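# Observations on chain architecture
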Amino acid sequence: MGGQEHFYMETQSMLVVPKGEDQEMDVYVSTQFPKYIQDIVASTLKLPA
Amino acid sequence: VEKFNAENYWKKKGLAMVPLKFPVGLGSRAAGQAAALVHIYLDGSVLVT
């Protein structure tokens with residue numbers, strides 16, 4: 001049995017906006033799992049959630 | 001200051017003491033209500049507002 005592309009009509013899309021205070025990030029992203037985005041971004045930046 | 005004032009005609013010193021009672025309190029109980037929101041994330045960090 002073959003696979004399948006998702007073919008969501010909206011392709012992978014995100015806007016990542018630093019606030020410029022206390023290393024705050026706001027992450028606007030087409031995702032199903034905000035908490036996971038929070039974690040991986042925070043982890044990458046070595047920041048608390 | 002009285003010594004200075006008897007000795008000086010075109011310059012004077014003065015001294016005063018004043019007491020304070022500043023009562024604190026609004027009109028009603030509803031005016032003094034307040035609220036907050038606290039999240040604990042899984043890395044243990046806290047966001048409050």
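Rules behind the numbers
Residues numbered from 1 in each chain as written, not as in the entry; some residues may be left out. Chains lettered and ligands numbered in written order. Part of a larger assembly, values for the part shown. Heavy atoms only, no water. Helix = DSSP H or I, 4+ residues; strand = E, 2+ residues; numbered from the N terminus. Buried < 20%, exposed > 50% of the residue type's maximum accessible area, 1.4 Å probe, protein only. Areas by Shrake-Rupley, 256 points an atom, 1.4 Å probe, with all protein chains shown as cover. Pairing = 2+ DSSP bridges. Salt bridge = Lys/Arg side-chain N within 4 Å of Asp/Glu carboxyl O. Polar contact = N/O pair within 3.5 Å; in protein donor to acceptor, adjacent residues only side chain to side chain. Contact = heavy atoms within 4.5 Å. Patch = residues over 30% accessible without salt bridge, like charges linked within 9 Å, V, L, I, M, F, W, Y side chains within 5 Å. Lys, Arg positive; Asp, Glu negative; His and termini not counted. Charge placed at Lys NZ, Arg CZ, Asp CG, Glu CD. Buried area = accessible area lost by both parts, 1.4 Å probe.

## Regarding the overall build of chain B
Within chain B, the secondary structure is distributed over 1 helix and 2 strands. The linear arrangement of helices and strands in chain B, starting from the amino end, is α-β-β. If one aligns the C-alpha atoms of chain B with their principal axes, the spans along those axes are about 75 × 35 × 15 Å. Looking at chain B as a whole, 2% of its 49 residues are labelled buried. Roughly 5,300 Å² of accessible area belongs to chain B as shown, and the carbon and sulfur atoms make up 62% of that amount.

## Considerations on the pairing of strand 2 (residues 25-29) of chain A
All names here are of chain A. Here strand 1 (residues 14-18) pairs with strand 2 via 5 bridges, running antiparallel. Residue pairing across strands places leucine 15 opposite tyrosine 28, the latter belonging to strand 2. Hairpin connection between strand 1 and strand 2: a loop of 6 residues separates the two successive antiparallel strands, and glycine 20 in this loop has a positive phi of roughly 85 degrees.

## Considering the pattern of salt bridges
When the charged atoms of two side chains with opposite charge come close together, those side chains can pair. Applying the stated criterion across every chain, the model contains 2 salt bridges over all chains. For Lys35(A), the salt bridge identified is with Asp39(A), shortest N-O distance 2.5 Å. With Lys35(A) and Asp39(A) both in helix 1 (residues 34-45), this residue pair falls 4 residues apart, about one helical turn. On the accessibility criterion, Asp39(A) (33% relative accessible area) is partly exposed. Note that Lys3(B) and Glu7(B) form a salt bridge whose closest N and O atoms lie 2.8 Å from each other. A residue pair is termed a helical-turn pair when its members lie 3 or 4 positions apart in one helix, as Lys3(B) and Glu7(B) do in helix 1 (residues 2-7) at 4 residues. Classification of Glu7(B) as exposed rests on a relative accessible area of 54%.

## Overview of the side chain of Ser45(B)
Topologically, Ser45(B) is positioned in the loop between strand 1 (38-40) and strand 2 (46-48). By relative accessible area, which is 14% here, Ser45(B) ends up buried. Within the local environment of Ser45(B), its side chain forms a polar contact with the side chain of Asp43(B), the two groups lying 2.7 Å apart. With near-sequence residues (within four places) excluded, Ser45(B) lies in contact with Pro48(A), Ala49(A), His39(B) and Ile40(B).

## What to know about a negative patch on the surface
Residues and elements named next belong to chain A. Among the surface-exposed residues, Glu21, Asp22, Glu24 and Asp26 lie close enough to one another that they form a single negatively charged patch. Along the polypeptide, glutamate 24 turns up in the loop between strand 1 and strand 2. Classification of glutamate 24 as partly exposed rests on a relative accessible area of 39%.

## Remarks on the interface of chain A and chain B
Each side of the interface is counted separately: chain A has 5 residues, and chain B has 4 residues. Surface buried jointly by chain A and chain B totals about 300 Å² across both partners, of which 64% is contributed by carbon and sulfur atoms. Contact with chain B buries area across many residues of chain A, yet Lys35(A), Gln38(A) and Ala49(A) alone supply 81% of it, more than any other trio.

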